[PDB]
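Engineer: Structure file final.txt (compact mmCIF, C-alpha atoms and all ligand atoms) right here:
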# COMPACT_ATOMS: atom_id res chain seq x y z
CA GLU A 1 -21.74 -13.47 -15.10
CA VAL A 2 -20.52 -14.85 -11.77
CA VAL A 3 -19.86 -12.90 -8.57
CA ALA A 4 -19.03 -14.08 -5.05
CA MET A 5 -20.29 -12.11 -2.08
CA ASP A 6 -19.70 -12.03 1.65
CA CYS A 7 -20.91 -9.57 4.25
CA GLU A 8 -19.91 -8.80 7.81
CA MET A 9 -22.56 -7.80 10.34
CA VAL A 10 -22.88 -6.02 13.68
CA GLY A 11 -25.61 -6.39 16.30
CA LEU A 12 -28.52 -3.93 16.09
CA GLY A 13 -31.17 -2.82 18.56
CA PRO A 14 -31.90 -4.12 22.08
CA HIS A 15 -31.76 -7.71 20.83
CA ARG A 16 -28.52 -7.34 18.88
CA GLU A 17 -30.04 -8.46 15.57
CA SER A 18 -27.56 -8.92 12.71
CA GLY A 19 -27.21 -5.80 10.58
CA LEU A 20 -25.21 -5.27 7.38
CA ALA A 21 -21.92 -3.46 8.12
CA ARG A 22 -19.60 -4.55 5.31
CA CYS A 23 -19.98 -6.15 1.90
CA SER A 24 -17.32 -7.48 -0.44
CA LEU A 25 -17.87 -8.74 -3.99
CA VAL A 26 -15.25 -10.47 -6.14
CA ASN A 27 -15.24 -11.80 -9.69
CA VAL A 28 -14.39 -15.32 -10.87
CA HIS A 29 -10.66 -14.63 -10.50
CA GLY A 30 -10.96 -13.10 -7.04
CA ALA A 31 -10.60 -9.50 -8.21
CA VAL A 32 -12.39 -7.17 -5.80
CA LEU A 33 -15.39 -5.55 -7.49
CA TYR A 34 -16.87 -3.87 -4.41
CA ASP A 35 -15.78 -3.49 -0.80
CA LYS A 36 -17.29 -1.00 1.60
CA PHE A 37 -18.15 -0.49 5.21
CA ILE A 38 -21.82 0.21 5.52
CA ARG A 39 -23.83 2.08 8.11
CA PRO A 40 -26.61 -0.35 9.04
CA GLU A 41 -30.18 0.87 9.45
CA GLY A 42 -30.61 0.94 13.22
CA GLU A 43 -28.72 1.43 16.47
CA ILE A 44 -25.46 -0.50 16.64
CA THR A 45 -25.51 -2.21 20.02
CA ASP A 46 -22.67 -4.67 19.40
CA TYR A 47 -19.87 -4.06 16.91
CA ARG A 48 -18.81 -7.73 17.13
CA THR A 49 -15.39 -6.30 16.22
CA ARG A 50 -13.41 -9.45 16.99
CA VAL A 51 -15.30 -11.27 14.23
CA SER A 52 -16.82 -8.59 11.99
CA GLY A 53 -13.71 -6.41 11.98
CA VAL A 54 -16.06 -3.43 12.23
CA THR A 55 -15.09 -0.62 14.59
CA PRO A 56 -16.98 2.57 15.47
CA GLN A 57 -14.36 4.51 13.38
CA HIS A 58 -15.29 2.40 10.32
CA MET A 59 -18.90 3.57 10.64
CA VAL A 60 -17.90 7.24 10.51
CA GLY A 61 -18.64 8.51 7.02
CA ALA A 62 -19.68 5.02 5.93
CA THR A 63 -22.18 4.61 3.09
CA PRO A 64 -25.81 4.64 4.29
CA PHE A 65 -27.54 1.24 4.25
CA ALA A 66 -30.17 2.25 1.67
CA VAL A 67 -27.51 3.57 -0.69
CA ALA A 68 -25.11 0.64 -0.35
CA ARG A 69 -28.02 -1.77 -0.71
CA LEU A 70 -28.90 -0.27 -4.11
CA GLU A 71 -25.27 -0.42 -5.27
CA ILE A 72 -24.88 -4.07 -4.26
CA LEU A 73 -28.20 -5.23 -5.71
CA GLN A 74 -27.31 -3.55 -9.00
CA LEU A 75 -24.03 -5.48 -9.13
CA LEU A 76 -25.71 -8.80 -8.31
CA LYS A 77 -28.52 -8.32 -10.85
CA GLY A 78 -28.55 -11.04 -13.50
CA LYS A 79 -25.53 -12.94 -12.23
CA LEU A 80 -24.79 -16.24 -10.53
CA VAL A 81 -24.28 -15.26 -6.92
CA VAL A 82 -21.64 -17.34 -5.15
CA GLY A 83 -21.37 -17.44 -1.37
CA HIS A 84 -21.68 -19.43 1.85
CA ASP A 85 -25.06 -19.56 3.64
CA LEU A 86 -26.26 -16.69 1.43
CA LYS A 87 -29.65 -16.78 3.15
CA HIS A 88 -28.27 -14.66 5.98
CA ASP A 89 -26.52 -12.24 3.62
CA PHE A 90 -29.75 -11.52 1.75
CA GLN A 91 -31.55 -11.11 5.08
CA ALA A 92 -28.93 -8.49 6.00
CA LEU A 93 -29.40 -6.93 2.57
CA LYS A 94 -33.14 -7.04 3.27
CA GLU A 95 -33.54 -8.47 -0.22
CA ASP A 96 -35.79 -11.31 -1.38
CA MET A 97 -33.66 -14.15 -2.81
CA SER A 98 -36.39 -15.57 -5.08
CA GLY A 99 -35.35 -13.99 -8.38
CA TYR A 100 -31.64 -14.66 -7.85
CA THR A 101 -29.64 -17.59 -9.22
CA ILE A 102 -27.19 -18.70 -6.56
CA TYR A 103 -24.44 -21.16 -5.79
CA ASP A 104 -24.04 -21.84 -2.10
CA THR A 105 -20.96 -23.63 -0.80
CA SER A 106 -22.78 -24.51 2.43
CA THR A 107 -25.20 -26.73 0.51
CA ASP A 108 -22.91 -28.11 -2.20
CA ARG A 109 -23.11 -31.83 -1.39
CA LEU A 110 -20.04 -32.46 -3.54
CA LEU A 111 -17.79 -30.31 -1.36
CA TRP A 112 -19.39 -31.90 1.70
CA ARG A 113 -18.55 -35.38 0.42
CA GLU A 114 -15.01 -34.42 -0.61
CA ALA A 115 -14.30 -32.82 2.77
CA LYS A 116 -15.42 -36.03 4.49
CA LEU A 117 -17.55 -34.18 7.05
CA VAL A 118 -20.85 -26.93 7.28
CA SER A 119 -18.49 -24.07 8.08
CA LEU A 120 -16.62 -22.19 5.38
CA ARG A 121 -13.45 -22.39 7.45
CA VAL A 122 -13.57 -26.20 7.50
CA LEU A 123 -14.29 -26.47 3.77
CA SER A 124 -11.46 -24.03 3.02
CA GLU A 125 -9.05 -25.91 5.26
CA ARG A 126 -9.86 -29.39 3.95
CA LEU A 127 -10.48 -28.66 0.27
CA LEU A 128 -8.41 -25.54 -0.42
CA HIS A 129 -5.77 -26.15 2.23
CA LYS A 130 -6.38 -22.49 3.01
CA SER A 131 -6.74 -21.14 6.55
CA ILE A 132 -9.22 -18.27 6.76
CA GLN A 133 -10.80 -16.06 9.40
CA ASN A 134 -7.79 -16.12 11.74
CA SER A 135 -6.90 -12.42 12.02
CA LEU A 136 -7.15 -10.67 15.38
CA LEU A 137 -8.54 -7.81 13.31
CA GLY A 138 -11.57 -9.96 12.50
CA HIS A 139 -12.89 -11.81 9.47
CA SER A 140 -12.20 -10.37 6.03
CA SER A 141 -15.20 -10.51 3.71
CA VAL A 142 -12.78 -10.23 0.79
CA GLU A 143 -10.97 -13.39 1.91
CA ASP A 144 -14.25 -15.14 2.70
CA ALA A 145 -15.70 -14.23 -0.71
CA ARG A 146 -12.54 -15.43 -2.49
CA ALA A 147 -12.73 -18.70 -0.56
CA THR A 148 -16.27 -19.34 -1.81
CA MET A 149 -15.28 -18.46 -5.36
CA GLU A 150 -12.31 -20.82 -5.15
CA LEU A 151 -14.56 -23.54 -3.75
CA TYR A 152 -16.93 -22.90 -6.66
CA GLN A 153 -14.10 -23.37 -9.16
CA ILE A 154 -12.99 -26.56 -7.41
CA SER A 155 -16.53 -27.95 -7.45
CA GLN A 156 -16.89 -27.20 -11.17
CA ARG A 157 -13.55 -28.86 -11.95
CA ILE A 158 -14.27 -31.98 -9.89
CA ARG A 159 -17.61 -32.32 -11.69
CA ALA A 160 -15.86 -31.89 -15.03
CA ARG A 161 -13.22 -34.48 -14.14
CA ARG A 162 -15.96 -36.96 -13.23
CA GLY A 163 -17.80 -36.54 -16.52
CA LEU A 164 -20.56 -34.38 -15.04
CA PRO A 165 -21.86 -31.21 -16.73
CA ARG A 166 -20.82 -28.02 -14.95
CA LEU A 167 -23.43 -26.28 -12.80
CA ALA A 168 -25.50 -23.90 -14.95
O1 LIG B 1 -18.61 -16.84 15.05
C1 LIG B 1 -19.27 -16.02 14.41
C2 LIG B 1 -19.43 -15.99 12.98
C3 LIG B 1 -20.13 -15.00 12.41
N1 LIG B 1 -20.71 -13.99 13.15
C4 LIG B 1 -21.46 -12.90 12.50
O2 LIG B 1 -21.69 -13.27 11.14
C5 LIG B 1 -21.09 -12.28 10.27
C6 LIG B 1 -20.58 -12.95 9.02
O3 LIG B 1 -19.72 -14.05 9.37
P1 LIG B 1 -18.75 -14.74 8.26
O4 LIG B 1 -19.30 -14.38 6.89
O5 LIG B 1 -17.37 -14.14 8.50
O6 LIG B 1 -18.79 -16.23 8.58
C7 LIG B 1 -20.02 -11.64 11.13
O7 LIG B 1 -19.58 -10.38 10.61
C8 LIG B 1 -20.70 -11.58 12.49
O8 LIG B 1 -21.62 -10.51 12.59
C9 LIG B 1 -20.61 -13.96 14.53
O9 LIG B 1 -21.13 -13.09 15.21
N2 LIG B 1 -19.89 -14.98 15.08
MN MN B 2 -20.48 -14.95 5.34
MN MN B 3 -27.23 -20.52 8.92
MN MN B 4 -17.23 -13.25 6.45
What do you get writing this file as structure tokens?
Structural biologist:
Amino acid sequence: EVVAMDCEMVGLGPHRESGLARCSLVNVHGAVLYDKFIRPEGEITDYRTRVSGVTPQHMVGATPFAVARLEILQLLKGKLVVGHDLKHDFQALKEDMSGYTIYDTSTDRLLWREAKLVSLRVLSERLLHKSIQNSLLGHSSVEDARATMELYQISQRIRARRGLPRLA
């Protein structure tokens, strides 16, 4: 009933607007449920390779945006969606967030307080003692998704240890 998601984006059009180029979904244990490079809907004007890890070769034969979007939305349907600053991911997915139940590490005040500070890298470093997004190949949405899921588990356990009910 819980799934963590992270997407990587490239720049589209003359104004290099963020466009969905990769999406990774993992379960509560970090098992990868979905991981695909996606052809965004528009002209790629900036691969942002150093950060997105997306190269023009990755886009060759990649799943069309409209198709991947349906696959991802189907997997998120009815579940608690875990992630960091999910607002931007749903914008990339061109999907209204309203009906979704989410858990966002970027707005979890508990993690904020415990980290004594919101970037996912900082939270991961201070609370998970895990260094992420350091590869010269670019960020890994699988690693980023796992980091948010781990942060979610930590938050739930801290709440439990302090006598607080777990987040619904
Ligand atoms: O310093 C950054 C961080 C993120 N992004 C964009 O945001 C996407 C998601 O970033 P993240 O989920 O790895 O933080 C990247 O694939 C990239 O398009 C950047 O351009 N620069
Ligand atoms: Mn992200
Ligand atoms: Mn933001
Ligand atoms: Mn990422």
Engineer: How would you write, as an NGL selection string, the set of residues no farther than 8 Å from ligand MN 2 (chain B) when counting only C-alpha atoms and all ligand atoms?
Structural biologist: :A and (5-8 or 83-86 or 88-89 or 141 or 144-145)
Engineer: Ligand LIG 1 (chain B): which residues are within 10 Å, counting all atoms listed in the file, as a ChimeraX atom specification?
Structural biologist: /A:5-11,16-23,46-54,83-86,88-89,92,119-121,132-133,138-145
Engineer: What is the CA of residue 69 in chain A-CA of residue 24 in chain A distance in Å, reported with one decimal?
Structural biologist: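 Here the two named atoms are 12.1 Å from each other.
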Engineer: Work out how far apart CA of residue 168 in chain A and CA of residue 75 in chain A are and give it in Å to one decimal.
Structural biologist: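 A separation of 19.4 Å between them.
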Engineer: Grab the CA of residue 27 in chain A to CA of residue 149 in chain A distance for me, in Å with one decimal place.
Structural biologist: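 Interatomic distance, CA of residue 27 in chain A to CA of residue 149 in chain A: 7.9 Å.
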Engineer: Under the rule that only C-alpha atoms and all ligand atoms are counted, which of A:1, A:59, A:33, A:25 is the nearest residue to ligand MN 4 (chain B)?
Structural biologist: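 That would be A:25, the residue with the smallest distance to ligand MN 4 (chain B).
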Engineer: Find the residues around residue 124 in chain A up to 10 Å (all atoms listed in the file counted), leave out those fewer than 5 positions away in its own chain, and share them as a PDB file with C-alpha atoms, in the frame of the given file.
Structural biologist:
ATOM      1  CA  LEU A 111     -17.790 -30.310  -1.360  1.00  0.00           C
ATOM      2  CA  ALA A 115     -14.300 -32.820   2.770  1.00  0.00           C
ATOM      3  CA  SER A 119     -18.490 -24.070   8.080  1.00  0.00           C
ATOM      4  CA  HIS A 129      -5.770 -26.150   2.230  1.00  0.00           C
ATOM      5  CA  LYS A 130      -6.380 -22.490   3.010  1.00  0.00           C
ATOM      6  CA  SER A 131      -6.740 -21.140   6.550  1.00  0.00           C
ATOM      7  CA  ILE A 132      -9.220 -18.270   6.760  1.00  0.00           C
ATOM      8  CA  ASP A 144     -14.250 -15.140   2.700  1.00  0.00           C
ATOM      9  CA  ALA A 147     -12.730 -18.700  -0.560  1.00  0.00           C
ATOM     10  CA  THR A 148     -16.270 -19.340  -1.810  1.00  0.00           C
ATOM     11  CA  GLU A 150     -12.310 -20.820  -5.150  1.00  0.00           C
ATOM     12  CA  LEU A 151     -14.560 -23.540  -3.750  1.00  0.00           C
TER      13      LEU A 151
END
Engineer: Kindly compute an axis-aligned box around the listed atoms of range 39-44 of chain A, allowing 3 Å on each side, and express its centre and edge lengths in Å to one decimal as AutoDock Vina command-line options.
Structural biologist:
--center_x -27.2 --center_y 0.8 --center_z 12.4 --size_x 12.8 --size_y 8.6 --size_z 14.5
Engineer: Return the single residue from A:98, A:135, A:55, A:45 that is closest to ligand MN 4 (chain B), with distances computed using only C-alpha atoms and all ligand atoms.
Structural biologist: A:135
